[PDB]
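One structure is given here, and the rest of the page talks about it.
Residue numbers (PDB author numbering), protein chains in the order written: chain D, 948 to 1043; chain S, 4 to 44; chain C, 396 to 504, 517 to 546.
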């Protein structure tokens, strides 16, 4: 989001106001997050999932140390996808 | 910064990780084992 | 090392991914049947230009925001001691390797349909987005 508002569309934004121009700038930093993001979230949870299953010696403690991360990796990404943008479009309007 | 100086070390970096790979593989094969770390006072 | 594996591969991929689209822009701005071993060199190392800091400092974050764990005293500190150590060394390795080898090895060697489920709600989030920061608060 920062480099979207630091590229060539960021010549228009700091110069003059066009919410429809900064929105378009957030929609690409939006589709460009999905590819690396949806995978980052997938690789974190997919690789963290085996230990969540608790059959075997030592599973008990590792599955307890895991759940918080796996659970926290559903709401962290899911939410931060909408919380970061809607707070950066809103904080960019104050200075402006 | 460092992403610049790195590309130059193109060749030997590979061999460093070549020996490192066979070095880290030798140790793992020869590492002691236990159920848990010693937790006693 | 087990808990950490999900993040080491995370170091390389976000870097490789920005390169996959940076190599798809040179393809549209330039010809498509002409390219050398150096012309393929510059496009990938230019993917390390942007996210380079973002990730290495993010792994630097993941290994430091964990350090406080080492302050656990006695029996508990002896249990989760070695786990903290290796979770840290594993990252430090993946991090120091995504700057010495990873960028090198990547130059030497239905997304649409999830994108269609997302942006309808994203463009929606820009409706009095404050109302979406309010809904996050109740969570």
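All C-beta atoms, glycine included, are put in the ideal place defined by N, C-alpha and C.
Interface annotation, residue 420 of chain C: not in contact with chain D, CB-CB separation never under 7 Å. The C-beta of residue 431 of chain C has fewer than 16 other C-beta atoms within 10 Å across all chains shown, which makes the residue exposed. Between residue 998 of chain D and residue 1016 of chain D, the gap from beta carbon to beta carbon reaches 7 Å or more.
In the displayed model, residue 489 of chain C falls within a helix according to three-state DSSP. What residue 473 of chain C touches in chain S, judged by beta-carbon distance under 7 Å, is 40, 41, 42, going in chain order.
A distance of 7 Å or more separates the beta carbons of residue 11 of chain S and residue 496 of chain C. Look at residue 447 of chain C: its C-beta is under 7 Å from a C-beta on chain S. Chain C has no Cβ within less than 7 Å of the Cβ of residue 1038 of chain D. In terms of Cβ geometry, residue 1033 of chain D and residue 530 of chain C do not form a close pair [threshold 7 Å]. Pairing residue 1007 of chain D with residue 537 of chain C, the inter-Cα distance amounts to about 42 Å. Close to residue 440 of chain C, with beta-carbon spacing below 8 Å, are these residues of chain S in chain order: 6, 10. The contact set of residue 1030 of chain D on chain C, defined by CB atoms closer than 8 Å, consists of 539, 540, 543 in chain order. The C-beta of residue 524 of chain C comes no closer than 7 Å to any C-beta of chain S. Taking 9 Å as the upper bound on Cβ-Cβ separation, chain C lies near residues 16, 17, 19, 20 of the region 16-37 of chain S.
One alpha carbon belongs to residue 42 of chain S, the other to residue 1004 of chain D, and they sit about 18 Å apart.
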